[PDB]
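> What follows is a single structure, and I will ask about it in a moment.
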Protein chains: 2
Amino acid sequence: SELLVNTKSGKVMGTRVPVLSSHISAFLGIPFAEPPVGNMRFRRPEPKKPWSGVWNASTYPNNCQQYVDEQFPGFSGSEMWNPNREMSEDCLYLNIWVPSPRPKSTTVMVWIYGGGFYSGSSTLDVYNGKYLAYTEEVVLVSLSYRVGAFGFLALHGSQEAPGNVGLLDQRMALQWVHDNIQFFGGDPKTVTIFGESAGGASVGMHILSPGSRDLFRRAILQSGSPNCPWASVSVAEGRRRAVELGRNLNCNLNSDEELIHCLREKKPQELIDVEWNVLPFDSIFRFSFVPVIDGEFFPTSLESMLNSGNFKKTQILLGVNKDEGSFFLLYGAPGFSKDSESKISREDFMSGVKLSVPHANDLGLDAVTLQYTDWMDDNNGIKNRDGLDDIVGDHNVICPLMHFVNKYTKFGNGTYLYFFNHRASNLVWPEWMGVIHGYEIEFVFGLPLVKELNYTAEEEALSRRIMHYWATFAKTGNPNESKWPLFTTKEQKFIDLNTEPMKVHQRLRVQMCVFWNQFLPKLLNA
Amino acid sequence: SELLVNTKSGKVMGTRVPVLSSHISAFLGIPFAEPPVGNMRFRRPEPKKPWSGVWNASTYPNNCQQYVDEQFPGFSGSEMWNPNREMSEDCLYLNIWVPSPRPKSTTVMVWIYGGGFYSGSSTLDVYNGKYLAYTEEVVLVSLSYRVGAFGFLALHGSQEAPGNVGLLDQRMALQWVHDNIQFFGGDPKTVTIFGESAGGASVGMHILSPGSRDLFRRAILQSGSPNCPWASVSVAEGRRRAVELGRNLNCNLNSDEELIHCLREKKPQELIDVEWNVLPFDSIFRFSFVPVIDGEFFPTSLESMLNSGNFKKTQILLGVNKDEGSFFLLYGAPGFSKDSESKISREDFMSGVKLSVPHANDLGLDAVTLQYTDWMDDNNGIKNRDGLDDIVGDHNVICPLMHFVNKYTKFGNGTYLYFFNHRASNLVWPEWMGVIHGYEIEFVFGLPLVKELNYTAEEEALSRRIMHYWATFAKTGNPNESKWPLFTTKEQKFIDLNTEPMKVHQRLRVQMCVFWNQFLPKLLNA
């Protein structure tokens, strides 16, 4: 009855939420896995036992345990991304927003959140699925996953804590979406998984993992690709950070068993507290517990994989933001501050660059500097500012995504690539951060639509246009109902995404990425 | 009497040559040193014994012995640079073109010719001093110097063949100009030495050598700087090529004495014939016998010198051509030919680049390639063509001159820098060579003025404007009688020199030269 749905798991009773003009249906916090609490910490997810009775789904699920950003207490620019519902280890839920009246077989969109893998919430205001569900008559689902130690501790030979437990969770949510969205109006043969930052890299990892390939039709990856430097660790490395976390908690490090026992008994927050003390370097845009390349979730090396077309060949829509580095500078590099134009001194610049390319030796920092320095204005603090933003950005987001697109289009069935370069008229962050990494998500979810959030009409415009590109691609495999060119290894077309009449451009940051993708690596191996 | 001049050497009787409208005086082939023939081969020059009688100076001197370019037999584009008077070891003469009526104290210009140090003639048609002498009322002198083995064999510890014998000759001509141009109408306190390619590097070497500093007021260096890679060899290296030449002639290599004896007895042409067989590599823009850094002509390392302001601080006017590489590609790299658009294959490109950076190891060729390749069009033959032209050019001419300007302006008394990018409407070379290295000289000498050579009115325009910039600077230290900015380490202004209303630009090839001048070198030393 509109709101009471029978799924193979059991009966679920939704809620009717208001949206712009109309009203819609929302099913909140539906279990999809069993609570990964108790002895189940670090363990791969188990599917949720079927329930009897009606599952009430009118209130959002708890957020998974995670790092809460206290840096700008009260600042929405920073709070907008923190858990907004009680954190709990019992957090694997999913949310569905259904058009009303309920469709019969309509495109499904599965949002997968970012947070560098140590944070994320499917309940944040900017991820509110209703303007999209309503505007585009699409079934929107937003899954949850275990982030941090909890979701990514990798003690490789063990069943108690192998890697990618949080990716497996992503997958279980996908399986359930697979198995019951038909009961909601969703066409299971046309679910597009979309995501940002670790959300986007995870999407890319499901396109790559044989286990996930079959559970989704196509993908959208925004500001992330699975080959990002900060998106996966070798199992060795994962082992290392695992025991090291072990140390910070004065655990018995004799056996994995011993180790896992300990961690298994620490209160959640105790893991959260020492989580940043195991990284091997002083670096910006490096996360501690992230997907491990184990040989199960990933058969081989992501490079060998991309290289051999050993991946789902579907059609993907992807892109980047103009100022991807900013956030990471702001919080990690000396010289940048929220309340000043953060003009950086070469002293600061040089420390900055060391932070960004943590693995680069001296000759390596030398090459980075050569490439990103003005030479006729080498102490111009704005320039030093901006070029560091370009480093963190190209290095961590633009170049790996351009490498992923380039390999992938050799065997995919269509590629659409954009470049988002629109600064919300209401951004609360310093203009110097520019088009901030994560600032497209609001367009994608059509916030510029709610008149009380203060956007401009031309942004309401764009949000509408963005949402339609995203839904039309989702259901059709092409963003086009003017023409958004297809990425082609030949010509390499892409479009800027902003409030002006669309321009098609070519070879996104080619000069720069030949440096990161080809020159640097070669240099770094003698 | 107009044409009979008494110089401290003796009486000289000139000739009256026609020029545009008027007529002028020309004193041709005045001895300034004793014939470096016989046992005097390779030996530093001796000043010319004073003569009695009137030295007849109405016919051009012989050209020094040198390599004659047979590549395009009959082609003027190539013949225009070959000896046009009989070659002879007795070749150290000087030519003077005096306004008429004879001035009383007027600016003197001393042209010093290029030819990569193995060739050159002061008698070539394009070096004909009369349009300049006449247009600008300037005393123009064109000296001669020993090129090749003859002028540059460096057996370091010996008096029979130390290096830079051909530079010492440059200097002797300078001394005489110093001592007698007053007798011609020349103001000895204002002689500007100008030169191109090795002509320009030699100029730069007189600014650097304590011995020469005092003999000239200011300088013009066009397409050359003494720090060019092909402009000087270590004495070790000079030694090496010296004996090696020794071998090709089946000489007794036991002692320098032994060695020098041999060479001293070979007919000139025998040296010319094996001259190219001693270079240590397969390379484009590398000459065999060139100035040696001996510790006499050059106290220390040119770098230590530039570095410490250990040089004449006067005001210099310098610049480059747009297509400096072409000539060297055409003749040295596989794929380029006079009669085809020489589109190059990566196969050819890669051999090309190995030729250009002969000292670069593999990682070095890798860095060069990274920098000069399109990456989105890496087999576009035009692009491969053009980028190789950019390599040979930046590497061998633009970057060293930009390093020289930059160090020098730290202690000079004015710098003027241009960028010549005008393709003579009548060039006989393939359009793909562009603005060829040596193609400004005709503007500088006002050929575009003679109506029978077929230039355009706008080139007559430019030649006039070029000649005036050159003479006004010569006599005044500033090219300006609109404003041609002064090169300043700060802003780095320069002007394009072509038939259009002058544009001031900044930082000539900065991106590229940070590569050659700073990045490459660092890489090449582990």
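Simple scheme: letters A, B, ... for chains in structure tokens order, numbers from 1 for residues in each chain, numbers from 1 for ligands in the order shown.
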What are the closest atom pairs, with distances in Å to one decimal, for all residues of chain A lying within 9 Å of chain B? Consider only C-alpha atoms, order rows by chain and residue number, and present the result as JSON lines.


{"residue": "A:363", "atom": "CA", "partner": "B:523", "partner_atom": "CA", "distance": 7.3}
{"residue": "A:366", "atom": "CA", "partner": "B:519", "partner_atom": "CA", "distance": 7.8}
{"residue": "A:367", "atom": "CA", "partner": "B:519", "partner_atom": "CA", "distance": 7.2}
{"residue": "A:370", "atom": "CA", "partner": "B:519", "partner_atom": "CA", "distance": 6.6}
{"residue": "A:371", "atom": "CA", "partner": "B:511", "partner_atom": "CA", "distance": 8.4}
{"residue": "A:374", "atom": "CA", "partner": "B:511", "partner_atom": "CA", "distance": 7.9}
{"residue": "A:375", "atom": "CA", "partner": "B:514", "partner_atom": "CA", "distance": 7.1}
{"residue": "A:376", "atom": "CA", "partner": "B:507", "partner_atom": "CA", "distance": 6.8}
{"residue": "A:377", "atom": "CA", "partner": "B:490", "partner_atom": "CA", "distance": 8.6}
{"residue": "A:489", "atom": "CA", "partner": "B:376", "partner_atom": "CA", "distance": 8.6}
{"residue": "A:490", "atom": "CA", "partner": "B:376", "partner_atom": "CA", "distance": 7.8}
{"residue": "A:491", "atom": "CA", "partner": "B:376", "partner_atom": "CA", "distance": 7.7}
{"residue": "A:492", "atom": "CA", "partner": "B:376", "partner_atom": "CA", "distance": 8.1}
{"residue": "A:507", "atom": "CA", "partner": "B:376", "partner_atom": "CA", "distance": 6.8}
{"residue": "A:510", "atom": "CA", "partner": "B:375", "partner_atom": "CA", "distance": 7.1}
{"residue": "A:511", "atom": "CA", "partner": "B:375", "partner_atom": "CA", "distance": 7.7}
{"residue": "A:514", "atom": "CA", "partner": "B:375", "partner_atom": "CA", "distance": 7.1}
{"residue": "A:515", "atom": "CA", "partner": "B:370", "partner_atom": "CA", "distance": 7.4}
{"residue": "A:518", "atom": "CA", "partner": "B:370", "partner_atom": "CA", "distance": 8.3}
{"residue": "A:519", "atom": "CA", "partner": "B:370", "partner_atom": "CA", "distance": 6.6}
{"residue": "A:522", "atom": "CA", "partner": "B:363", "partner_atom": "CA", "distance": 8.2}
{"residue": "A:523", "atom": "CA", "partner": "B:363", "partner_atom": "CA", "distance": 7.3}
{"residue": "A:526", "atom": "CA", "partner": "B:363", "partner_atom": "CA", "distance": 8.4}

> Which of segment 149-320 of chain B end up as alpha helix (DSSP H) when DSSP is run on this backbone - answer as number ranges by chain?

B: 149-152, 165-180, 198-208, 235-248, 256-265, 268-274, 302-308

> Can I get the selection written as a compact mmCIF listing (two decimals), in the first residue's frame, with C-alpha atoms?


# COMPACT_ATOMS: atom_id res chain seq x y z
CA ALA B 149 92.10 22.74 -36.53
CA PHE B 150 94.09 25.66 -37.84
CA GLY B 151 92.56 28.10 -35.43
CA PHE B 152 91.63 25.79 -32.59
CA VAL B 165 94.70 30.80 -31.41
CA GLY B 166 91.71 31.89 -33.49
CA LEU B 167 90.31 33.96 -30.58
CA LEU B 168 93.73 35.60 -30.12
CA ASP B 169 93.49 36.48 -33.81
CA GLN B 170 90.04 37.99 -33.14
CA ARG B 171 91.80 40.04 -30.47
CA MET B 172 94.73 41.18 -32.57
CA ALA B 173 92.26 42.56 -35.13
CA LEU B 174 90.58 44.28 -32.17
CA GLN B 175 93.96 45.76 -30.99
CA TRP B 176 94.68 47.16 -34.52
CA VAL B 177 91.10 48.52 -34.72
CA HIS B 178 91.91 50.06 -31.36
CA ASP B 179 95.16 51.58 -32.58
CA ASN B 180 94.23 52.91 -36.08
CA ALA B 198 80.32 31.50 -33.14
CA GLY B 199 80.57 35.18 -34.00
CA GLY B 200 78.18 35.92 -31.13
CA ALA B 201 79.83 33.44 -28.71
CA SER B 202 83.26 34.90 -29.51
CA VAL B 203 81.86 38.38 -28.69
CA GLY B 204 80.64 36.96 -25.41
CA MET B 205 84.12 35.38 -24.90
CA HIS B 206 85.88 38.83 -25.24
CA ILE B 207 83.46 40.24 -22.67
CA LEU B 208 84.70 37.38 -20.42
CA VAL B 235 91.57 21.18 -22.37
CA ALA B 236 91.37 17.42 -21.73
CA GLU B 237 88.80 17.04 -24.42
CA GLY B 238 90.79 19.28 -26.74
CA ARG B 239 93.78 17.13 -26.16
CA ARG B 240 91.82 14.01 -27.06
CA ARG B 241 90.43 15.37 -30.31
CA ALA B 242 93.94 16.68 -31.05
CA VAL B 243 95.72 13.36 -31.03
CA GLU B 244 92.74 11.65 -32.64
CA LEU B 245 93.10 14.04 -35.55
CA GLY B 246 96.75 12.91 -35.20
CA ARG B 247 95.65 9.32 -35.85
CA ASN B 248 93.46 9.95 -38.91
CA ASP B 256 103.09 16.93 -28.79
CA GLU B 257 106.25 17.96 -30.62
CA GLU B 258 106.10 14.86 -32.72
CA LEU B 259 102.42 15.33 -33.24
CA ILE B 260 102.57 19.02 -34.09
CA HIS B 261 105.40 18.33 -36.50
CA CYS B 262 103.21 16.06 -38.52
CA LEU B 263 100.13 18.24 -38.69
CA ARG B 264 102.40 21.11 -39.48
CA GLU B 265 103.41 19.34 -42.64
CA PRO B 268 95.58 22.19 -45.31
CA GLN B 269 92.89 20.13 -46.96
CA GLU B 270 94.22 17.03 -45.32
CA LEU B 271 93.18 18.46 -41.96
CA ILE B 272 89.79 19.55 -43.41
CA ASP B 273 89.13 16.01 -44.78
CA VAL B 274 89.45 14.16 -41.41
CA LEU B 302 82.73 30.24 -17.72
CA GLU B 303 80.14 29.30 -15.07
CA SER B 304 82.26 30.48 -12.18
CA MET B 305 82.98 33.58 -14.23
CA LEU B 306 79.32 34.50 -15.05
CA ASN B 307 78.53 33.52 -11.54
CA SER B 308 80.86 36.05 -9.93

> Would you please give, as a PyMOL selection string, all residues of segment 232-461 of chain A that DSSP assigns to strand (DSSP E or B) based on the backbone?

chain A and resi 233-234+292-293+316-321+323+415-420+436

> Restricting it to C-alpha atoms, dump the selection as a CSV table (one decimal), in the first residue's frame.


chain,number,residue,atom,x,y,z
A,233,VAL,CA,47.5,-0.6,0.1
A,234,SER,CA,49.5,-3.7,-0.6
A,292,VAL,CA,44.2,-3.9,0.4
A,293,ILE,CA,45.1,-5.6,-3.0
A,316,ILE,CA,30.9,5.1,-17.4
A,317,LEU,CA,30.4,8.8,-16.7
A,318,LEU,CA,33.2,10.4,-14.7
A,319,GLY,CA,35.0,13.7,-14.0
A,320,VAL,CA,36.8,16.0,-11.6
A,321,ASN,CA,36.6,19.3,-9.8
A,323,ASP,CA,40.3,22.8,-7.1
A,415,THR,CA,32.9,7.3,-21.6
A,416,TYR,CA,31.6,10.7,-20.6
A,417,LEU,CA,33.9,13.0,-18.8
A,418,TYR,CA,33.2,16.4,-17.3
A,419,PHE,CA,35.2,19.1,-15.5
A,420,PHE,CA,33.2,20.8,-12.8
A,436,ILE,CA,36.3,22.5,-3.8

> For atom CA of residue 121 of chain A and atom CA of residue 67 of chain A, determine how far apart the two atoms are, in Å to one decimal place.

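If I compute the distance from atom CA of residue 121 of chain A to atom CA of residue 67 of chain A, I get 11.2 Å.
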
> Identify, on the basis of only C-alpha atoms, every residue whose closest approach to segment 460-463 of chain A does not exceed 10 Å; exclude the query and any residue fewer than 6 positions from it along the same chain; express the result as JSON, numbers by chain.

{"A": [132, 422, 440, 441, 442, 443, 444, 445, 446, 447, 448, 449, 450, 451, 454, 469, 497, 498, 499, 500]}
